[PDB]
Each structure stands twice: as C-alpha cells, then as structure tokens.
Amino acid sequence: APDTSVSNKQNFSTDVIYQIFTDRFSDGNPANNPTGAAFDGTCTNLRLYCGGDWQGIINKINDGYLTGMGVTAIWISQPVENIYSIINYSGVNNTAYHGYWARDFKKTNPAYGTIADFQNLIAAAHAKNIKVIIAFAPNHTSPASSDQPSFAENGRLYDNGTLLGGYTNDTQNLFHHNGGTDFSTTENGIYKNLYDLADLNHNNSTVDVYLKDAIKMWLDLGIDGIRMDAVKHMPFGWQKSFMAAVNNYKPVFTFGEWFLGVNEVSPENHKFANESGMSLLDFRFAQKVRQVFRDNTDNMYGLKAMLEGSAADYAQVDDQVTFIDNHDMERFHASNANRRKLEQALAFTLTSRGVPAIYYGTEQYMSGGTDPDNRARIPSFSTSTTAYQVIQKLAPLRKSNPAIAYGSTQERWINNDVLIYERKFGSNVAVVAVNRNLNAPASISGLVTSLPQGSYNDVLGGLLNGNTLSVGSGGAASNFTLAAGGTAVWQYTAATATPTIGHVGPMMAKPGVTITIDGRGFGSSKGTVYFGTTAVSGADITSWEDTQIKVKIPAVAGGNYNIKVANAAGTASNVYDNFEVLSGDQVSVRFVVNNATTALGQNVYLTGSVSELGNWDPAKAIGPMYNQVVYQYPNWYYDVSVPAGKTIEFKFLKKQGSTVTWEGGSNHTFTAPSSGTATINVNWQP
C-alpha cells in the first residue's frame, strides 16, 4: 500500500486532522443522551452534556461534511467511561462532557456510545479513508477529595467494572497524595495533582500494568493514533515505557499535549519529543502563528525564526501536530476580526511541515473565549464558507504533493508582512506566498524558487486573492504584485529518480517489530534497508513499493541508529536519523540514590550498562533527577524505562554543565522485573 493509504497508522504527515470535541459536534443518537441536571439539549450551558456522540460523527462522515473538506483523519474526546457526577463548583454544575474524568479505561463513555458504536465509527471512518485518533489521559482519574469521599466519585478507578480503589483510604497508593501542583517546576507538575484530579501513581504495578493493558484494548479496536493528554505531568520515563508497550505490540502514531506559552521555547519539550517515543502538539508553532496572524505581536521574521529553529530543535519536526487553536485556548477567529486572518492562518498551517489539526467549527468562523466558551455546539455544516473552501483546496495537497508532507522549509522572500516559503522533497516543490497586511499590497521582485520554468496557477484559484506565477530559467519568478491579504500556493510534482526517505515510524522499538519507511523513488523491486551499517534485505523486508517499505528491525544492540535504504540497483537514499532500537520489552523502574550532596546548579544523573541508560556515556545520562516531592534532597529519584528482566549495572553522576563527577566504588547492580514496576534504592558511593 502507498504511504498515503488510510491503513498507514505510523505516518500522519500526508493527512489533515479534524479535532472533534464529541459532545459538541453531532448528536446522532438522542437515546444515549444523559438526563436531568447533567444535560442541556440546547447546549446553552456549556458545562453540561449537549448530546454529541459517535453516531453523529458516523453521520457526518457518511454525508460528506468531512470528506468534502479534504479531512483524512479525526481525533475524538477520550472514549473511556467517565464519572457520572454532576459537580457543583461554586454554584455552577459541571459534568464530564469533555471526557477527561475517567473511571474505567476499559469501557466506553455511554454518552458517546457503546463498544459496538465505536467499532461502527472505526469502520465508517476507514471506509471513507479517514483515520481515527483517540485522546487518552492516563495521568489521572477524576476530581476528588481524600477527606471528603462523598465528593464526586472520589476519583475511583475501575478495571472493566471491578473497583480497584479510590482517593480516600488509598492504602495501595494507586494515586499521589502530595497536594496540587502550582506549576513551579516540572517535577512539581508531575508528582502533584492537576486541579483536584486524582493523580495516578504509575510507579504502582497495578496502575502500570492496567493502563498498558487498557491501551492495548483500544489498539485491538483498530484506532490509528493516540493523543496523549497532559504529558508534561506524567513521568517521562514511564511514558517512554508506555510508548514501548504500544510500539512493541501495535505501533500507531502517538503525540502528546504539552502546553507552551507565548514566546516559550523549551529544551525539555524538545528532548521529550526527541526521546520519548511520541511527538507533540506543536504549541511553539501555534503560539507564533497567533502572534503573527491574530494578535499582531510579532512579524514574519518571527515566523521564519520559529520555522528554522523548530526544524533544528525537533529531530522529527514532521511528526509535530500543528494547529492554530484548540479546546483550551480562545478560538483563533475573534468576533470583530477580519476573516482573512483565520483563512491565512489555515492556509499557512495546511501547507507547512508537520501534521495539521483543525479544531472543529473553525471552518464555520466560530468565535469563543477560553474553556468552556470555545466549546460551543458547531452552529452549521455549510460547505459554502471561504474557510471550508480553503481547506478543501489545500488539504488534498498533503496527499498529492510529498513536498508538503515531507519537505524541508526555506524562506524565499520576506519582509515585515510577507513570507514566501518553499517546501521541497525530491523532485516535488510547493511555494507559498502570504501577505498578512490586509491594507497594503507588496511588490514581489527577485523571488527565486526550485520550480521548473513555466506558468503556475494558484491552487487556491484566487480564493484568497492569489495570482498566477511566471517562472523563467533558474527558477526566477517574474515581478508580480502580492495583493493585500493575498495568499497563493504554487506547486509542482514529478517522479523522483533517487530513493528519498520522507518519514519513518515508529521511531522507537525492539528488534522484530515492523517499521514503516515512507518516501519516493524506492522502486518496485525490494532493495536494502540499513540500520547504521547493518544491512537488511530479503524476507525481513515484508513489503516494498515506490512510496512505502515495511521492514522488521534487525537484532542489533540497543542504541540510536541512522536509517537509510537503497533501491534494487544499489543507489542509496538520504539518511533518516535518530531511530532508537530498544534492548527489549520495557518496564518502568524508579531509581533512588541517597545522600548525594551537590552545589547549586549541579544535578544527579543516572548512567548504566544498557542503551536505555546511555551505555555509560555521561552525555546520554538519565536526568536531571528529582529531589523535592516523592523524595527530598540529598536524596534523588527518577523513573526510567529499562529492558525487562535484564541484569543492569549502573552508577550515579553529579553534573555541572558537561563537567562530570562519578560515584566511586564498584557499579551498583540489579535485575529489572519481567513486568510491572520496581524501585531500586541505593546509597551514593564516594
């Protein structure tokens, strides 16, 4: 099958996602609607259930609303059963309409539908070439109070109907009891509760095994991707072991929600996306786009800087999920704003690197403040809005032109208000011009591109006041006027002679697992696949065609490898780096080191005899470790994904910048559990 096939669960770069807030999209089955004080059929009270369900989504898939727009993927509110409580937060009733207050990760939220309904959704979507992503929020259960067990459902967690425990009298320590986070530090936000939500303790074996078994149930139901919620608030090491469980079973595109504020560039964020096994929602992209196209707090130079910086900071920038708004922030389109601002932001996002995700209702020019005002019921299913047409015209390009899906990004023309950028992959090219100034046109002279000589029509057909482009020899474009608010897209596609890799997924797994290599120019005959210097050919290459290769990871030592392929003739492709071969199945283990004193700025890290611990390379040591919440300085702790059942030697380090101080004595040693969790507690050796 080609890279663009709906069956490709490992690559969403050729797709356009539609963010569906289930309760607010379409009530296709009034019979499953909640009743009484928990429901408002008019959807005036945005904190109660309005009735939106999976049958509704199926209907909108079948009547062409989404397909007519060029949407090829959707994500939905967490499908698992939520609490049924109607919580009164200071005179206002609140329900779990949003799906984030889970009580049973192995059952469905009856308001959205039954397991049968979910199966029907997966089937209907796939029949229309639409992939399905589910939100999954394993960070917590629901609102709770340990002193007041009668409040809500006391954050109780059930295992397919069987009660495991609640927040009160939690002798099993299924949850954290460290108060609520104040977001002061990453550690603080991980081991303390978000709001009043009962924080799950992933170091508890029951919780660990339960959640991994739960996600596998959904994987078996045929989901195509996972949107991990609140990933900045769960142990990064545990999450890596979670992604390993997923990838070593049935790998599907996974990305997490890690909020970044305006002007926030986070090295931790980058590292997480680069080493966790999942990518992230591109807040850096979203926030900059809002600054430039919505709030006028930065110009095109800032947009360019974001594009160049992110392409260098994220190992796989093409896996970051882009957007201009979501279910938490104010909708991009302000009531009194010119609609062209939204239309340009959409065009920009749809033609830029990554995986575009459009919040439901954006195309209907919905406006709204922060939660819950940004969650109104979609007011119309009109295909006649300009925004709907913009998406309809550009979304399909991610499938037809690989430069959009996998291409590099290069600024070709720029000033305060104008940015003309080029996407290029193999012989494929796309050039996009955007003039955010709604009052002043710009004279574009001296524009040079990789487009072959010829005349190019605006893919938007002038919808956003674009124009035709005339390209002479050398890719030089004839002088033209870019209209005020003008947005144009010019593109070129052609066969690529040389094998070219545009995407690889998953990027982390143990040997034997099948990975998907997408691109162009692979040829129809099986070639060779390289993991570092190791060559793979023949039987282990399950399938091979021009745009997609399915190949099993060879039994090489755990570590980071460059991926490369060669066609049957022996011509080598470009290198796709940062592939992590795991040393085997993974388990999450908590390491605790006692009496490790340090100077301000100096932190403790973990190093060891397996790749999961950096193979004794301080530059790849695990950390910085924590020392405030679960354990207190001079004691440090950290949760780490390590190969199950392996005997591992390790030591702790104290690092100040790249300056390292090693534990003295012999290495510490332990054998990781075969499944579940474990805690290894040792003393710092001088």
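We number the residues from 1 along the sequence you see.
- Higher average CA B factor: 448 to 456, of the stretches 448 to 456 and 271 to 279.
- Stretches 162 to 170 and 320 to 328 differ in mean C-alpha B factor, with the higher average recorded for 162 to 170.
- The PDB entry assigns the greatest CA B-factor among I134, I553, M217, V431 to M217.
- Of all the options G361, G354, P138, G472, the entry's greatest CA B-factor is assigned to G472.
- Ranked by Cα temperature factor within the chain, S641 sits in the lowest third according to the deposited record.
- Annotation for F183: C-alpha temperature factor in the highest third relative to the rest of the modelled chain, per the entry.
- Residue-level temperature factors show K9 in the lowest third of its chain, judged at the C-alpha atom.
- Placement of the Cα temperature factor of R103 within the chain: highest third of the modelled residues, per the deposited record.
- The PDB entry assigns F25 a C-alpha temperature factor belonging to the middle third of its chain's modelled residues.
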